[PDB]
Amino acid sequence: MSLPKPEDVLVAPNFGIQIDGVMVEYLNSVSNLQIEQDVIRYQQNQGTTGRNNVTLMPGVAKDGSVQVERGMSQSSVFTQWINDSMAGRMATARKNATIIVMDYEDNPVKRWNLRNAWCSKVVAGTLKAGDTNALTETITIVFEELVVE
Amino acid sequence: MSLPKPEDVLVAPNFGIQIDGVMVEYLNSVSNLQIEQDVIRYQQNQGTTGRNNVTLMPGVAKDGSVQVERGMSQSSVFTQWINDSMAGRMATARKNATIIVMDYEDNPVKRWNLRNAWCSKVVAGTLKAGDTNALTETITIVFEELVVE
Amino acid sequence: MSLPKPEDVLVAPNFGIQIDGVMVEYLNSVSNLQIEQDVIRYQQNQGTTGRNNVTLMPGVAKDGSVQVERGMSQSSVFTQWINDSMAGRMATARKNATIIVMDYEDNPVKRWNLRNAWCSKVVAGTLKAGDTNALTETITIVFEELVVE
Amino acid sequence: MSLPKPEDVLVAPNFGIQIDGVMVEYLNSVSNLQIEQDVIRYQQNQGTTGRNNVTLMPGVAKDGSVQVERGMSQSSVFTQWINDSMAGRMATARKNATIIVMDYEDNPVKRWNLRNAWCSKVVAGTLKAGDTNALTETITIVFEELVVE
Amino acid sequence: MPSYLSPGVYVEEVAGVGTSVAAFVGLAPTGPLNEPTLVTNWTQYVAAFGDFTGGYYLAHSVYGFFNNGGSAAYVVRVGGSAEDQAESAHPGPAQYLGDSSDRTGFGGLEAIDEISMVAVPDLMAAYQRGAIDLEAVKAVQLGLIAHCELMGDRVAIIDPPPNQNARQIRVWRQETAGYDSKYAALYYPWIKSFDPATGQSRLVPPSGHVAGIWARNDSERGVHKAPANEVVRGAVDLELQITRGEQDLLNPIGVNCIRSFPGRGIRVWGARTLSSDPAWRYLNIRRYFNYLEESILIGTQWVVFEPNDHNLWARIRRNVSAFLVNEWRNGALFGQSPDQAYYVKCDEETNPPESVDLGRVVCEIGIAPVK
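Residues numbered from 1 in each chain as written, not as in the entry; some residues may be left out. Chains lettered and ligands numbered in written order. Part of a larger assembly, values for the part shown. Heavy atoms only, no water.

The deposited coordinates for this entry were obtained by cryo-EM, with a reported resolution of 3.9 Å.

Participant: Can you explain the interface of chain C and chain D? Please cite residues and give values.
Facilitator: One frequently used descriptor of interface size is the decrease in accessible area upon assembly of the parts. Contact residues are listed per partner, giving 31 residues for chain C and 35 residues for chain D. Around 3200 Å² of area is buried between chain C and chain D when both sides are counted, 61% of it from carbon and sulfur atoms. Looking at the side of chain C facing chain D, the largest losses of area belong to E7, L10 and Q34 of chain C, adding up to 23% of the total buried there. Here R70 of chain D makes a salt bridge to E7 of chain C, at a shortest N to O gap of 3.5 Å. Counting across the interface, chain C meets chain D through 13 residue pairs in polar contact. Secondary structure elements with two or more residues in the side of chain C that touches chain D: β2 (24–28), β3 (31–33) and β5 (51–56) of chain C. When residues in the side of chain C that touches chain D are grouped by element, the largest group, five residues, is from β5 of chain C. Of the residues contributing to the side of chain C that touches chain D, the split by class is 16 nonpolar, six polar and nine charged. Here three bridges tie β3 of chain C to strand β8 (residues 118–124) of chain D, and the two strands are oriented antiparallel to one another. By the bridge assignment for β8 of chain D, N32 of chain C is matched with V122 of chain D. (Contact = heavy atoms within 4.5 Å. Buried area = accessible area lost by both parts, 1.4 Å probe. Salt bridge = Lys/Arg side-chain N within 4 Å of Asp/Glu carboxyl O. Polar contact = N/O pair within 3.5 Å; in protein donor to acceptor, adjacent residues only side chain to side chain. Helix = DSSP H or I, 4+ residues; strand = E, 2+ residues; numbered from the N terminus. Nonpolar A, V, L, I, M, F, W, Y, C, P; charged D, E, K, R; others polar. Pairing = 2+ DSSP bridges.)

Participant: Before we move on, could you go through the relation of the copies chain C and chain D and cite the residues and values that matter?
Facilitator: Rotating chain C by 60 degrees and moving it 0.0 Å along the rotation axis overlays it on chain D with an RMSD of 0.2 Å. Such a combination of turn and shift is consistent with a six-fold rotation axis. By C-alpha distance to the rotation axis, the residue of chain C lying nearest is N133 of chain C, at 21 Å. Little of the interface of chain C is mirrored in chain D, where only 6% of its interface residues again form contacts. (Least-squares fit on C-alpha atoms.)

Participant: Help me get a handle on the environment of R202 of chain E, residues and values and all.
Facilitator: Residue and element names in this part refer to chain E. Counting through the fold element by element, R202 comes out in strand β8 (residues 199–204). With relative accessibility at 26%, the residue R202 sits in the partly exposed group. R202 sits 169 residues away from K371 along the chain, and the two C-alpha atoms are 45 Å apart. In this view, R202 contacts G55, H60, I191, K192, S193, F194 and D195; residues no more than four positions away in its chain are not counted. At a separation of 3.4 Å, a polar atom in the side chain of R202 contacts the side chain of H60. Within the structure, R202 has its side chain in polar contact with the side chain of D195 (distance 3.1 Å). (Buried < 20%, exposed > 50% of the residue type's maximum accessible area, 1.4 Å probe, protein only.)

Participant: Would you mind going over empty space enclosed by the protein in detail, with residue names and values included?
Facilitator: The rolling of a water-molecule-sized probe over the atoms marks out the regions of remaining empty space. All names here are of chain E. Within this model, the largest cavity holds a volume of roughly 190 Å³. Lining the largest cavity are 18 residues; nearest its centre among them are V155, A156, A185, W214 and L283. Elements represented by at least two residues in the lining of the largest cavity include exactly β5 (155–158), β6 (184–187), α5 (209–220) and α7 (283–299). Looking at the lining of the largest cavity, its residues break down into 13 nonpolar, two polar and three charged. (1 Å grid on protein atoms, 1.4 Å probe; cavity = no way out; pocket = protein on both sides within 12 Å on 5 of 7 lines; lining within 4 Å. Points joined across faces, edges and corners; volume = space filled by probe spheres on them.)

Participant: Explain a positive patch on the surface to me, and be specific about the residues and the numbers.
Facilitator: On the surface, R41 and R51 of chain A together with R94 and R115 of chain B cluster together to form a positively charged patch. Of note, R94 of chain B is situated in the loop between α1 (77–86) and β6 (95–99). (Patch = residues over 30% accessible without salt bridge, like charges linked within 9 Å, V, L, I, M, F, W, Y side chains within 5 Å. Areas by Shrake-Rupley, 256 points an atom, 1.4 Å probe, with all protein chains shown as cover. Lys, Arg positive; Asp, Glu negative; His and termini not counted. Charge placed at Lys NZ, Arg CZ, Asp CG, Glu CD.)

Participant: Give a detailed account of the packing of aromatic side chains, specifying residues and quantitative values.
Facilitator: Residue and element names in this part refer to chain E. Throughout the structure, instances matching the rule amount to eleven aromatic pairs over all chains. Ring geometry for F24 and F65: centres 5.7 Å apart, planes at 90 degrees, overall edge-to-face. Taken as a pair, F24 in strand β1 (residues 23–25) and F65 in the loop between α2 (58–61) and β3 (73–76) lie far apart in primary sequence, 41 residues in all. Summarising the burial analysis for this pair, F24 and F65 share the class buried. Ring geometry for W172 versus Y179: centroids 6.3 Å apart, planes at 40 degrees, classification tilted. (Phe/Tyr/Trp six-rings, centres within 6.5 Å; stacked < 30°, edge-to-face > 60°.)

Participant: Run through the nonpolar core, naming residues and quoting values.
Facilitator: Residue and element names in this part refer to chain E. The biggest cluster of nonpolar side chains holds 41 residues, and the ones touching the most others in it are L144, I158 and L250. Counting residues per element, this core draws most heavily on helix α3 (residues 134–151), which supplies six residues. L250 has contacts with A166, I169, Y188, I242, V255 and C257, leaving out every residue within four places of it along the chain. By size, the runner-up hydrophobic cluster in this structure holds 35 residues, among which are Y57, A119, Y187 and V232. (Core = buried A, V, L, I, M, F, W, Y, C linked by side-chain atoms within 4.5 Å.)

The following block contains the structure:
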């Protein structure tokens, strides 16, 4: 990043996690939303129009981020995470999504996911004879209460 | 623009802003709307049809314009703008969207966005290994109470 | 040069580079390309054929120039340039394509190749036993943003 | 010209332009093209084959003419024309493509090229050492809205 | 047939801003030296001339190009205000060249190009004070018209006498000072306006803003359209309303009127040339021709003809037609096709074998008339 001209590229997205999500394919659905509000009023006892107040500022939204593990293997890392929550333990954890530069030693952007994050879904891919380009991917859905840069 | 035949081209859209949105990819969802009204009546005690009055003129609509920054970099310009609003300060600002001619010194069209404009969203792109043509774009959503040419 | 009639002939391509390559046979696909755009517009409320705005003026296209080195040798010059690129160590170079004609002292044409000049591909020739007419050539493909006459 | 039977031969292409180019070898792809459109319509409530309206009359197509200059030389004429275009300085030209018969004095055919005449591409030939049959040619590609016989 | 050959025919002695630029002759409160006619905007004009303190008409007619459509205009100063002779028909609003000195006056503008109209706001400024006899006025208006006829590409704005009834203008027009020329036009009623330096009213001639209208008109539509219905922006009122029984007598003799219309405001209505020649009766037609001439003459500007040759004829024919076909494609010309809409000829019959010095003879047809 010697010039203002480059932008971060999909070089090496990776994750800080205590659960061994060691190798991944991709990360998606990541966003930051502040909810707005809208009120319309009539003006102060005179011949002018009403006003629109859109400078009102309600709280911050929460969501979840899709995580795709390349595929099934013999190591049931995500399966146990979901089992602990189904069993009733508040088995949540902090996570860190990292964006990395062309020269990988440079790691400028990180997003902190709240300690209350947890897994609600595990989804299998389709298994069909002869598909060839279908390679048993797994989709993990994690709820993120709060995301901070 | 020596002739009536040319039209403005996508030569150099740029922006007046105190927040350092120095380099951009694009601007979209820009429109000007006056709301209409529709009433139907029966005619004046005679054998003629009713009338439709569509010359009624309610107030002017407000909206937001999508802004796309080429991509993530180490300079967190937009992130802080959204942080200030989430924190509760009415951190709004005036903006100017400029349309430029083939010979760039000629800058004939400008749109003024009200001082109450603010950022409600920051959205990340998808990060997937090997995508290549996916280059970590960021989408910024700004609410514009009033737009004037 | 000595007469008003003569057309330059293939005396020699010659190159400036910060990398010490020594001998080549050729340079292919060098061009200066401006993009065209157009519209059809109806006439001035007269039923006359409209106008074709074919002089709208877009930006300039970018491409790459292919070169062939006389042949494989023990030299590692083209290999290391591509290795820095693949390794993520930005190492672009400034190039100068000079078509020296007749008098090697006289070099009337020199073309600027922006420093972002960057080697992307190295291609080997065919190795066939008994094909006693062939030598092994190397193909180096270099991408560039801007070429100036 | 002297007889009713003879067909014009390739004596010489000749050109009018406001730019002082001097010698060329050829002119390619010159055409006059009207667009066709059609419909199928059923007969006059009689079970007879309908009619093909193939004489509906659309507007006229637009294209460009390619020329080849005898060769590279120290002249900057084609380079500067394209530089004004790329720089955004409208600089179109009026052209006249002339066919001269066995009699160089006799110039029976002259074609108008609307002042739109705008150079879009400049292409270099191949530079290969030892290819002692080749000279370096230049290709100039000029776009035009209208050609009149 | 107006020249279709050259800026000059017998001798080739010869070896932009647009139609909105005009020139005005009169006195300044202060002003620069009077000879170097300058062209500028209100903003700089007032800084050099003065804020109406001299009581001169230029101070007000200048607004014609600033409180109405315009850009810049040329001003000939003549002389300035007395502290705290110029009223003669010889100096100032006169052909006051100075024996090839280009001194203030119609003569001082001979060396200046890019002027479409010339006005003389102070000619009648001293009509009463300077005893400007009728001829003293007539002689100047004749000098102005002659100037315009000689330059060939600009027209004269002629003022009516200061205060008289309809009968009296029918009189000077037909009996004492008719001018009969394709290069001039006159409007009749005087316009009431104010003067902020001291108060609510002053009377001014139907110039200034009246000319501001031409600049406005040319921006709205091609010069072909006449400003036969346009608002005299900046006007307050008129001295007299001229009724239909009077319009019936004045329009046939070339006198243009301005009227207060019941629901439309103060507008220019008449649009005739102060000429006896039927061909040039309409102002917009006379203007269309000056418009085409300025642009075509600048465009095909080659100096010192090399060899009389068909190759030049071909370049010329092609360029003139390319220029004119757009007038046809656009709404300016009449006809179903270029074939009828216009005509260009330049060949050995306009440029015969004698080939003496300048050739370049191009014959052209507009709609009906031929150049």
